[PDB]
Amino acid sequence: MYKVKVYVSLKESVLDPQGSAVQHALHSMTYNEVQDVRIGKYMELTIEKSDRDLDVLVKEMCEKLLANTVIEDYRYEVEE
Amino acid sequence: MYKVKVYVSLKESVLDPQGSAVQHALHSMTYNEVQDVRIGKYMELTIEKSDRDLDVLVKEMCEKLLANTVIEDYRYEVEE
Amino acid sequence: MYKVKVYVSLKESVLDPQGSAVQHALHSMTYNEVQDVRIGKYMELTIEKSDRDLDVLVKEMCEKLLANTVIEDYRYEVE
Amino acid sequence: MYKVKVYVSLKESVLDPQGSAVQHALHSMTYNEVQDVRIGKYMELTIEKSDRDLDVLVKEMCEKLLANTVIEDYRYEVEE
């Protein structure tokens, strides 16, 4: 069947307090050449396949659960 | 400037309670064609080339903070 | 619009002289730490909203042009 | 060991003749929803770990062989 990977990232225009806290921790570890950190979501979905189209299925699952379209962009991969 | 995306997931010999809660959530929405859900971390770093080897720098950050080497695996991407 | 990236690669069970030539070339350039080289195909397509299923579209485009289903594997991305 | 993938494509300020040919064939196959086609190179390399920095290594292999510095762009992926 299908192995779909969905990547979710906060649109550039939005701020990321968690990513900044991490960056700070990295500076706290002397890894001070990290001028900025961004934290997103990564998902591996093993999809069978029903009377529903692959693109519609993934877009629906993304557009309403896996992601919050007013703060995060996404892209996805597929391989059988 | 190097853009460094790190992808951490969880060994395949490790359960993913978080992924399960999601599969269940997706099924309740009729997306019953999801056989499994693994949830991972995606991180975009912005590095300013220093006196430290890039591969050395990335390996250390992942191994010491970004990815728990005991229950997770990782890979990364580099771009200028 | 769909920015779509398909990746065609020779199956592991197939030999790749081109890759082995490039690897040799590298060795000549003193990079002997390269124990192997595989050369694949990278296509970046822009697809408009179609009445057809994206996965279905790509599979067909590969099976009959972008990929020789006899010696190559593929995968793809969508944005 | 290191599985290294280098992705060379062609700068966007350059035409992709090889792609237009591909686009045409697809349109002839009736797949007219194809608005454009850019073709690139995919390369999987297995590299022994050395004192050398992967980034430097890759950068160099590209500047002199894998990728034409004048008309192409590259990025890469690393996994142990």
# chains A, B, ... in the order shown; residues from 1 in each chain; ligands from 1
call {"tool": "interface_residues", "arguments": {"of": "chain C", "to": "chain A", "cutoff": "10 Å", "atoms": "only C-alpha atoms", "output": "NGL selection string"}}
result
:C and (3-6 or 52-56 or 73-79)
call {"tool": "write_last_selection", "arguments": {"atoms": "N, CA and C atoms", "output": "compact mmCIF listing (two decimals), in the first residue's frame"}}
result
# COMPACT_ATOMS: atom_id res chain seq x y z
N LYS C 3 3.45 21.91 -7.24
CA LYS C 3 4.86 21.77 -7.55
C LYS C 3 5.08 20.29 -7.21
N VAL C 4 5.45 19.49 -8.21
CA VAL C 4 5.63 18.05 -7.99
C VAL C 4 7.00 17.49 -8.38
N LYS C 5 7.64 16.82 -7.43
CA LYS C 5 8.96 16.23 -7.66
C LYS C 5 8.94 14.70 -7.70
N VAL C 6 9.24 14.13 -8.86
CA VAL C 6 9.30 12.67 -8.99
C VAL C 6 10.76 12.24 -9.01
N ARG C 52 -8.20 14.60 -12.42
CA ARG C 52 -7.58 13.30 -12.19
C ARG C 52 -6.82 13.26 -10.86
N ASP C 53 -6.72 12.05 -10.30
CA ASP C 53 -6.01 11.83 -9.04
C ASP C 53 -4.50 11.99 -9.25
N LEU C 54 -3.88 12.86 -8.45
CA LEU C 54 -2.45 13.12 -8.55
C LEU C 54 -1.58 11.86 -8.56
N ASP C 55 -1.81 10.97 -7.60
CA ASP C 55 -1.05 9.72 -7.52
C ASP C 55 -1.24 8.94 -8.82
N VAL C 56 -2.48 8.87 -9.29
CA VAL C 56 -2.79 8.18 -10.53
C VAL C 56 -2.05 8.83 -11.70
N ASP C 73 12.89 2.57 -9.86
CA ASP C 73 11.91 2.81 -8.81
C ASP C 73 11.65 4.31 -8.78
N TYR C 74 10.50 4.72 -8.25
CA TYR C 74 10.20 6.15 -8.15
C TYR C 74 9.40 6.46 -6.90
N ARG C 75 9.33 7.75 -6.59
CA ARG C 75 8.60 8.28 -5.45
C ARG C 75 8.34 9.73 -5.82
N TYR C 76 7.55 10.45 -5.03
CA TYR C 76 7.30 11.85 -5.36
C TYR C 76 6.87 12.72 -4.20
N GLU C 77 6.92 14.03 -4.44
CA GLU C 77 6.55 15.04 -3.47
C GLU C 77 5.48 15.98 -4.04
N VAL C 78 4.72 16.62 -3.15
CA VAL C 78 3.69 17.55 -3.58
C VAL C 78 3.62 18.74 -2.64
N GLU C 79 3.52 19.94 -3.22
CA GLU C 79 3.42 21.18 -2.45
C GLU C 79 2.29 22.05 -2.98
call {"tool": "residues_around", "arguments": {"residues": "residue 72 in chain A", "least_positions_apart": "2", "cutoff": "8 Å", "atoms": "only C-alpha atoms", "output": "VMD selection string"}}
result
chain A and resid 8 to 11 67 to 70 74
call {"tool": "write_last_selection", "arguments": {"atoms": "C-alpha atoms", "output": "PDB file, in the first residue's frame"}}
result
ATOM      1  CA  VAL A   8       4.216  20.501   8.822  1.00  0.00           C
ATOM      2  CA  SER A   9       6.010  23.778   9.371  1.00  0.00           C
ATOM      3  CA  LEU A  10       4.897  27.105  10.832  1.00  0.00           C
ATOM      4  CA  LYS A  11       4.622  29.636   7.986  1.00  0.00           C
ATOM      5  CA  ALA A  67      -2.370  20.823  10.374  1.00  0.00           C
ATOM      6  CA  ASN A  68      -3.706  24.293  11.181  1.00  0.00           C
ATOM      7  CA  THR A  69      -3.703  25.983   7.770  1.00  0.00           C
ATOM      8  CA  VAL A  70      -3.693  29.484   9.225  1.00  0.00           C
ATOM      9  CA  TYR A  74       2.722  21.390   4.630  1.00  0.00           C
TER      10      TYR A  74
END
call {"tool": "closest_atom_pairs", "arguments": {"of": "chain A", "to": "chain B", "cutoff": "6 Å", "atoms": "only C-alpha atoms", "output": "CSV"}}
result
residue,atom,partner,partner_atom,distance
A:33,CA,B:48,CA,5.0
A:34,CA,B:47,CA,4.5
A:35,CA,B:46,CA,5.5
A:36,CA,B:46,CA,5.3
A:37,CA,B:45,CA,4.7
A:38,CA,B:44,CA,4.9
A:39,CA,B:43,CA,4.6
A:40,CA,B:42,CA,4.9
A:41,CA,B:41,CA,5.2
A:42,CA,B:40,CA,4.4
A:43,CA,B:39,CA,4.6
A:44,CA,B:38,CA,4.9
A:45,CA,B:37,CA,4.8
A:46,CA,B:36,CA,5.1
A:47,CA,B:34,CA,4.5
A:48,CA,B:33,CA,5.1
A:49,CA,B:33,CA,5.9
call {"tool": "write_last_selection", "arguments": {"atoms": "N, CA, C and O atoms", "output": "mmCIF file, in the first residue's frame"}}
result
data_model
loop_
_atom_site.group_PDB
_atom_site.id
_atom_site.type_symbol
_atom_site.label_atom_id
_atom_site.label_comp_id
_atom_site.auth_asym_id
_atom_site.auth_seq_id
_atom_site.Cartn_x
_atom_site.Cartn_y
_atom_site.Cartn_z
ATOM 1 N N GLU A 33 26.490 29.040 16.651
ATOM 2 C CA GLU A 33 26.458 29.466 15.257
ATOM 3 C C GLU A 33 25.092 29.175 14.651
ATOM 4 O O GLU A 33 24.889 29.308 13.440
ATOM 5 N N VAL A 34 24.159 28.777 15.509
ATOM 6 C CA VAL A 34 22.789 28.495 15.100
ATOM 7 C C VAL A 34 22.035 29.821 15.263
ATOM 8 O O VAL A 34 21.509 30.111 16.329
ATOM 9 N N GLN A 35 22.003 30.627 14.207
ATOM 10 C CA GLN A 35 21.354 31.937 14.257
ATOM 11 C C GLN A 35 19.826 31.941 14.282
ATOM 12 O O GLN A 35 19.213 33.006 14.207
ATOM 13 N N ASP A 36 19.218 30.764 14.402
ATOM 14 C CA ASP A 36 17.755 30.636 14.422
ATOM 15 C C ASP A 36 17.266 29.189 14.255
ATOM 16 O O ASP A 36 17.752 28.469 13.384
ATOM 17 N N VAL A 37 16.301 28.777 15.081
ATOM 18 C CA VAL A 37 15.739 27.416 15.036
ATOM 19 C C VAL A 37 14.210 27.381 14.847
ATOM 20 O O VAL A 37 13.476 28.150 15.481
ATOM 21 N N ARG A 38 13.729 26.488 13.981
ATOM 22 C CA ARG A 38 12.280 26.342 13.721
ATOM 23 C C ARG A 38 11.861 24.881 13.944
ATOM 24 O O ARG A 38 12.483 23.970 13.396
ATOM 25 N N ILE A 39 10.806 24.663 14.731
ATOM 26 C CA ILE A 39 10.333 23.316 15.041
ATOM 27 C C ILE A 39 8.988 22.934 14.405
ATOM 28 O O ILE A 39 7.961 23.561 14.679
ATOM 29 N N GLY A 40 8.996 21.885 13.581
ATOM 30 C CA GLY A 40 7.776 21.433 12.929
ATOM 31 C C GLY A 40 7.390 19.995 13.251
ATOM 32 O O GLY A 40 8.050 19.340 14.061
ATOM 33 N N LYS A 41 6.318 19.512 12.617
ATOM 34 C CA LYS A 41 5.828 18.143 12.816
ATOM 35 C C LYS A 41 6.143 17.257 11.604
ATOM 36 O O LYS A 41 6.107 17.712 10.452
ATOM 37 N N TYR A 42 6.421 15.985 11.876
ATOM 38 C CA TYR A 42 6.792 15.004 10.855
ATOM 39 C C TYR A 42 5.911 13.763 11.070
ATOM 40 O O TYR A 42 5.876 13.210 12.167
ATOM 41 N N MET A 43 5.201 13.313 10.039
ATOM 42 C CA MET A 43 4.330 12.144 10.198
ATOM 43 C C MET A 43 4.427 11.062 9.118
ATOM 44 O O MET A 43 4.431 11.362 7.926
ATOM 45 N N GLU A 44 4.498 9.803 9.542
ATOM 46 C CA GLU A 44 4.565 8.688 8.595
ATOM 47 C C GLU A 44 3.234 7.929 8.617
ATOM 48 O O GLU A 44 2.891 7.291 9.611
ATOM 49 N N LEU A 45 2.491 8.002 7.514
ATOM 50 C CA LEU A 45 1.187 7.350 7.411
ATOM 51 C C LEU A 45 1.175 6.194 6.423
ATOM 52 O O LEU A 45 1.510 6.365 5.249
ATOM 53 N N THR A 46 0.794 5.016 6.911
ATOM 54 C CA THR A 46 0.701 3.826 6.076
ATOM 55 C C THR A 46 -0.764 3.773 5.682
ATOM 56 O O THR A 46 -1.610 3.354 6.465
ATOM 57 N N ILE A 47 -1.055 4.209 4.465
ATOM 58 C CA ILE A 47 -2.414 4.252 3.963
ATOM 59 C C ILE A 47 -2.742 3.106 3.030
ATOM 60 O O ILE A 47 -1.988 2.826 2.098
ATOM 61 N N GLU A 48 -3.874 2.453 3.269
ATOM 62 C CA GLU A 48 -4.300 1.371 2.392
ATOM 63 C C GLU A 48 -4.726 2.088 1.112
ATOM 64 O O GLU A 48 -3.882 2.598 0.381
ATOM 65 N N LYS A 49 -6.022 2.147 0.852
ATOM 66 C CA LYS A 49 -6.550 2.827 -0.335
ATOM 67 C C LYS A 49 -7.985 2.396 -0.546
ATOM 68 O O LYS A 49 -8.264 1.219 -0.787
#
call {"tool": "atom_distance", "arguments": {"atom1": "CA of residue 18 in chain D", "atom2": "CA of residue 65 in chain C"}}
result
13.4 Å
call {"tool": "residues_around", "arguments": {"residues": "range 66-72 of chain C", "least_positions_apart": "5", "cutoff": "9 Å", "atoms": "only C-alpha atoms", "output": "ChimeraX atom specification"}}
result
/C:6,8-14,40-41,43,58,60-61 /D:22
call {"tool": "select_by_dssp", "arguments": {"residues": "range 13-57 of chain B", "states": "strand (DSSP E or B)", "output": "PyMOL selection string"}}
result
chain B and resi 34-47
call {"tool": "write_last_selection", "arguments": {"atoms": "N, CA and C atoms", "output": "tab-separated table (two decimals), in the first residue's frame"}}
result
chain	number	residue	atom	x	y	z
B	34	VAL	N	-6.11	4.49	7.12
B	34	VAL	CA	-4.80	4.71	7.72
B	34	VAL	C	-4.46	3.47	8.56
B	35	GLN	N	-3.52	2.67	8.07
B	35	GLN	CA	-3.11	1.45	8.76
B	35	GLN	C	-2.19	1.72	9.95
B	36	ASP	N	-1.47	2.83	9.89
B	36	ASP	CA	-0.55	3.21	10.96
B	36	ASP	C	-0.07	4.66	10.90
B	37	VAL	N	0.24	5.21	12.06
B	37	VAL	CA	0.70	6.59	12.15
B	37	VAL	C	1.90	6.72	13.08
B	38	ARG	N	3.03	7.15	12.53
B	38	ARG	CA	4.25	7.39	13.30
B	38	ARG	C	4.38	8.92	13.32
B	39	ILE	N	4.66	9.48	14.49
B	39	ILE	CA	4.82	10.92	14.63
B	39	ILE	C	6.28	11.29	14.91
B	40	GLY	N	6.82	12.20	14.10
B	40	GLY	CA	8.20	12.59	14.26
B	40	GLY	C	8.44	14.08	14.33
B	41	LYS	N	9.68	14.45	14.62
B	41	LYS	CA	10.09	15.84	14.74
B	41	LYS	C	10.84	16.30	13.50
B	42	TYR	N	10.57	17.54	13.08
B	42	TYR	CA	11.22	18.14	11.92
B	42	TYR	C	11.74	19.48	12.41
B	43	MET	N	13.00	19.78	12.15
B	43	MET	CA	13.54	21.04	12.64
B	43	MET	C	14.40	21.77	11.61
B	44	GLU	N	14.14	23.05	11.43
B	44	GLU	CA	14.92	23.83	10.47
B	44	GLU	C	15.89	24.74	11.22
B	45	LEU	N	17.18	24.50	11.02
B	45	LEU	CA	18.21	25.29	11.66
B	45	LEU	C	18.88	26.20	10.65
B	46	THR	N	19.37	27.33	11.14
B	46	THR	CA	20.06	28.29	10.29
B	46	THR	C	21.43	28.43	10.92
B	47	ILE	N	22.43	27.87	10.26
B	47	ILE	CA	23.77	27.90	10.79
B	47	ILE	C	24.71	28.84	10.07
call {"tool": "select_by_dssp", "arguments": {"residues": "range 30-68 of chain B", "states": "helix (DSSP H, G or I)", "output": "ChimeraX atom specification"}}
result
/B:54-66
